[PDB]
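Taking the form deposited in one PDB entry, here's one chain by itself in structure tokens.
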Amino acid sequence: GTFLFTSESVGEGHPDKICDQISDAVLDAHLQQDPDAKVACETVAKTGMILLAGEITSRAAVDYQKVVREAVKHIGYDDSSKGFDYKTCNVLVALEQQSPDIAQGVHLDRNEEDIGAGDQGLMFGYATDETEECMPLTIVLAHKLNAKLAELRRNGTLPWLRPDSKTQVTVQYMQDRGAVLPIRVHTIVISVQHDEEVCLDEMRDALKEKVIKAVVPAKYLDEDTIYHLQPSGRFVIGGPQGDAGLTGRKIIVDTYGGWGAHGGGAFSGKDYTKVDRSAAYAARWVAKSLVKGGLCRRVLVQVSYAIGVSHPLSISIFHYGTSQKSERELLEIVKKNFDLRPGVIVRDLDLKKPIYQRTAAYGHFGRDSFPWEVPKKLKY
């Protein structure tokens, strides 16, 4: 009755994640001055280049040079020896206003609570009782491995580390009436950019002893656990020099690591009127509320929207057999307890607050008690 499942995560300096963090730094900069800024900022990164492309209508005055470079500084790309430097890279801006055709169809002259969805689309929320975070263990572990790398880089204990990293965790699970129970870690991959001087065996030893053993409980690790540590053998070239980055190319890392489902919308660089972000956050909030409220052990929530229409087109609940209530009963509970219009979600989840850069690495869910991580007490 056992099965394997694998999830990955990436570090702050992974080129796609650089772009997500920059896009959200831009969003936060606008929101600091104009809580109602309309923001759709994509970022592209390649050798020596950050390009901002998209649509922003805002009363803010934002110094894009400063904002972008400070985000890259935070990540740790501060010298040409590392392959990228915030001080000397190119920052190019191709930002126009929001289309007035979109603006008139979505929000102009509308009461805030009755703003239309900013686009069509579908979104999913998921929660699982297998961890206190209500997240899959596979991705929780994958994120923590990248966070550990960044910690040891920043505190100087592994000064050969660079910011670009990836991890991948395969867990063997059993199932119990639709819920999932982690048994052991089957395989771990870690690849991380490094300096020219450190040798491969020193890196592999450090990744096992100072990273894996520091993060993963020993009860999950055994003689049979497979380790692929620096499996390429050499990773000196990294960041955008090694691989182009784009915003919204880590959408599964941002969410549930292959578990649950995804509707395809990226989060970063978007204000609350973009339901790709606000409704996915709300859907997580619903899912987590159902599990922490004791109605399910595991649950998937779908919602969908049409551009210009406030209420969701569809809502669906899938409980994997882990509730005594029918899925229809859970749907009725959700409909009685949540208002999933974007102009109400914004109020419930405080989505005009400039906290988005903090969401843009290590997953949007399962950490930091953001509003969508604080369960709603349900009435039924």
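For the two forms, the rigid core is made up of the largest set of C-alpha atoms that agree within 1.5 Å on superposition. Residues carry their position along the shown sequence, with the first being 1.
What comes next is about the form deposited in another entry, which is not displayed.
Taking the core as reference between the shown form and the other one, the lone member of 241, 172, 310, 225 whose Cα moves by 2 Å or more is 310. Residue 60 is not among the residues whose C-alpha shifts by 2 Å or more between the shown form and the other one once the rigid core is aligned; its shift stays under 2 Å. When two forms of a protein are overlaid on their rigid core, residues whose CA moves 2 Å or more are considered shifted, and residue 332 is one of them between the shown form and the other one. Annotation: Cα of residue 117 displaced by at least 2 Å between the shown form and the other one, core superposition.
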